[PDB]
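Encoded as structure tokens, the following chain is the form deposited in one PDB entry, with no partner shown.
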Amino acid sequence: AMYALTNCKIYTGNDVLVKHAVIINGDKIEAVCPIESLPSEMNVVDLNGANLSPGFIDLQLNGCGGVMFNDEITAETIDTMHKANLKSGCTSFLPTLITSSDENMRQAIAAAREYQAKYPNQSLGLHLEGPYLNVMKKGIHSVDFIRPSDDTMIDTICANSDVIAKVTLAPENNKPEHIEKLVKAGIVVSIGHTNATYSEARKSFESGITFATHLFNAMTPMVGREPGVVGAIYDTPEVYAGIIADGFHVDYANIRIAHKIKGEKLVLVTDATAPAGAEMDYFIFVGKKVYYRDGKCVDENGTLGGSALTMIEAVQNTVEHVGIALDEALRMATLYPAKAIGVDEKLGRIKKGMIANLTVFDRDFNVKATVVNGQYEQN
């Protein structure tokens, strides 16, 4: 049957709504209408004054709730991740596989294909972060697998674009043609783990790169005579940029500045790993031990190795520490990520016709429930 979510503040993406309701029908949003407009017969889930927004979309998520995608490359891993996400309001995500072997890349593609043939609008496709990086900005990435982009695997990726949302790579020393082919196959291409100058990064935007992976991390910073990759991102309006707001990856003052420059091009990601939503001392990250240490994820050397952030926390830290308004924070965690991967016509807003993927959260930012394809599940 149809039902209506009721008694809540609703953040549609365009308007903050009081004394209205949202009518769900199947997998879809039927209507957002005033509460007095609601049919007498209609079933009601009453949300006790909490916030309602579209479900969060996480564009960079390596693992969570105890598991890692790189380590157990299966549909069931993706499945486990999806369910842990729900605890922190995240309804969609790109399962992210960092630098590894060709065989691992073929396994992930299969796994994505498997999971998505069963469930829609949850995993929105692979994010291949690596392996075509620059060894100098490797962070946690494996020195054994970082390699130049090659024609064969690039062709494989293109051929499987129906399960592949995004590729992060370093363009300085890789073939421009490979960018073009990926873009031509409808995969989103992102600069990251790159030692490019401002010029080279500009060149790769002209080639089709439209995204930047974790602004400020594993990229040439802005200095007086070399704007670098950071400057290029600040100077190119078409480029989205993901940014991690755990308080450890990037100083909040920088997130604030970035938002004033980037506005709707700034996107909240987690880059989260197995400890996000799980209690653990360390995890494996492609034969690397990564340790959980007072909220951070670090290797033996203190290099950060993803995060333990969740999407709800990223919204909150952004409101509370960065100084950004709530409705805008939510947009950075929903609508803007959706626009960046070209799913915004079905996800990222509360409006009629679109898919019922929603999150409810109280004033203290506790996620109380989600809707996923119309299905309401309490926390």
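Under this definition, the rigid core comprises the largest set of C-alpha atoms superposing within 1.5 Å between the forms. When you see a residue number, it is the position in the sequence shown, counting from 1.
A.B. asks: Out of 154 to 162 and 193 to 201, which stretch has the higher average CA B-factor listed in the record?
C.D. replies: The stretch with the larger mean CA B-factor is 154 to 162.
A.B. asks: When the Cα temperature factors in the entry are averaged, is it 265 to 273 or 72 to 80 that ends up higher?
C.D. replies: In the deposited entry, the stretch with the higher C-alpha B-factor mean is 72 to 80.
A.B. asks: Checking the entry, which one of 224, 237, 242, 305 has the top C-alpha B factor?
C.D. replies: Going by the entry's C-alpha B-factors, 305 comes out highest.
A.B. asks: Identify, among 207, 254, 88, 213, the residue whose C-alpha carries the highest B-factor in the deposited PDB entry.
C.D. replies: Going by the entry's C-alpha B-factors, 88 comes out highest.
A.B. asks: What third of the chain, by the recorded C-alpha B-factor, contains residue 101?
C.D. replies: CA B-factor rank for residue 101: middle third.
A.B. asks: In terms of the CA temperature factor given in the entry, to which third of its chain does residue 52 belong: lowest, middle or highest?
C.D. replies: Ranked within chain, residue 52 CA B lands in the middle tercile.
A.B. asks: Among all modelled residues of this chain, ranked by Cα B factor, put residue 31 in the bottom, middle or top third, i.e. lowest, middle or highest.
C.D. replies: Top third by C-alpha B-factor.
A.B. asks: Lowest, middle or highest third of the chain for the C-alpha temperature factor of residue 186?
C.D. replies: It falls in the middle third of the chain.
A.B. asks: Please rank the C-alpha B-factors of the chain's modelled residues and tell me whether residue 43 sits in the lowest, middle or highest third.
C.D. replies: Highest third.
The protein also exists as the form deposited in another entry; that form is not presented, and the subsequent description refers to it.
A.B. asks: Against the rigid core, a Cα displacement of 2 Å or more between this form and the one not shown applies to just one of 111, 232, 157, 290. Which?
C.D. replies: Comparing the C-alpha positions, the one residue that moves 2 Å or more is 290.
A.B. asks: Once the two forms are fit on the core, has residue 306 moved its CA by at least 2 Å between this form and the one not shown?
C.D. replies: After core superposition, the displacement of the residue 306 C-alpha between this form and the one not shown reaches the 2 Å mark, so yes.
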